[PDB]
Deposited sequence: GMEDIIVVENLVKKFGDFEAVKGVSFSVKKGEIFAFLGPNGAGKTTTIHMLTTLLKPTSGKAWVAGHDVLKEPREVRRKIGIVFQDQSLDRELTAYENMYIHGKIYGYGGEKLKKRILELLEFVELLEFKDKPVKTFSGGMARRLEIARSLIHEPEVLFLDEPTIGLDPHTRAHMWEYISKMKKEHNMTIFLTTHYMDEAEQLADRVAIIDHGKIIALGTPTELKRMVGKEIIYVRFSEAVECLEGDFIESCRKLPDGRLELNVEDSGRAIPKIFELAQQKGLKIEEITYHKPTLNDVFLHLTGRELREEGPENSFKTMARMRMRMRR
């Protein structure tokens, strides 16, 4: 019921270029909220502003009862950050990297040691506790960032494209951690993604973002209601690539997905490999 994220006309300009054009939304406590959009939509810029790493041009943002602009240190203490810019030390082991982060936030003793091992067990890295992070996979390093961000018991976890670059097994396990954090620990998760399957499967609500704007917002089912119950693509709404969204070149038929909602709103798709290029 309580709003743990409140954003009002959040804007970011890089010189004269508008990256984020005044986005607004709210996230309830214990919710998985996803920003779904393609590369270049303003997802990383938005998540950097919500986590205090980038100053907004204008607008307002409140995270966990605190003003992001006026109380960034109080906001940093209440949130977890897992971004593509890895801040792990390759020379230190997995356990050592998390002891460093734990002592920085004020934890210590046998209790900090137990917590680290528990969080390493939760992300399935307990067997690699005494192993250098230089010899770690991308998947392993991202699983270690999830465990590290949880040491200081944040209320909200911010994930910038959590499963980009990961194999299906690590990706499936990443979704289980997120799901378990929500359901078993009342955690709030704000994530950015261009994966329609990741947004449908995990998110309670989705904000579809395109060229710095929210172009649709609601539950995956409310968004899917904007398109038919059964869609056809043949090569009524004509698309730039030539096919028609309802003895030929290409015919496709399936149940609607959030990629079909993106095609319906913008005339193109979320993926890079799609016919748009």
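Parts of the chain sequence, as deposited, that carry no C-alpha coordinates in this structure:
In sequence order, the gaps with no modelled C-alpha are 1, 237-251, 263-283, 315-328.
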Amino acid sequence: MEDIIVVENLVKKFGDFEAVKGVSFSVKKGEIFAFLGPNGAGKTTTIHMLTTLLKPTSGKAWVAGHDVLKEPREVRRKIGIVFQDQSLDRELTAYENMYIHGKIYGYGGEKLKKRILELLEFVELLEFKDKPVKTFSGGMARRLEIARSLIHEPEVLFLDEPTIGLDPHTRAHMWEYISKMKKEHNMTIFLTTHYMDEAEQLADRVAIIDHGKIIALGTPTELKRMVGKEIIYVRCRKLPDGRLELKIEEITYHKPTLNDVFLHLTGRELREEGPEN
From here on, numbers count along this sequence of modelled residues.
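Of 255-263 and 8-16, the stretch whose C-alpha atoms average the higher B-factor in the entry
So the stretch with the higher mean C-alpha B-factor is 255-263.
Should the higher mean CA B-factor in the entry be assigned to 224-232 or to 210-218?
So the stretch with the higher mean C-alpha B-factor is 224-232.
Among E155, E110, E161, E176, which residue carries the highest C-alpha B-factor recorded in the PDB entry?
It is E110.
Looking at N186, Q84, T192, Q201, which one carries the largest C-alpha B-factor according to the PDB entry?
Each of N186, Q84, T192, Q201 was compared by C-alpha B-factor; the highest is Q84.
Would you please rank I79 by its C-alpha temperature factor against the other modelled residues of its chain and give the third it falls in: lowest, middle or highest?
Lowest third of the chain for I79's C-alpha B-factor.
Lowest, middle or highest third: where is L239 by Cα B-factor in its chain?
Highest third of the chain for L239's C-alpha B-factor.
Of the three thirds of its chain by CA temperature factor, lowest, middle or highest, which one includes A64?
Middle third.
CA B-factor ranking of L53, expressed as a third of its chain:
Within its chain, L53 is a middle-third residue by C-alpha B-factor, going by the deposited values.
Test of reading the entry: by CA B factor among the chain's modelled residues, which third contains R142?
Middle third - that is where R142 ends up once the chain's C-alpha B-factors are sorted.
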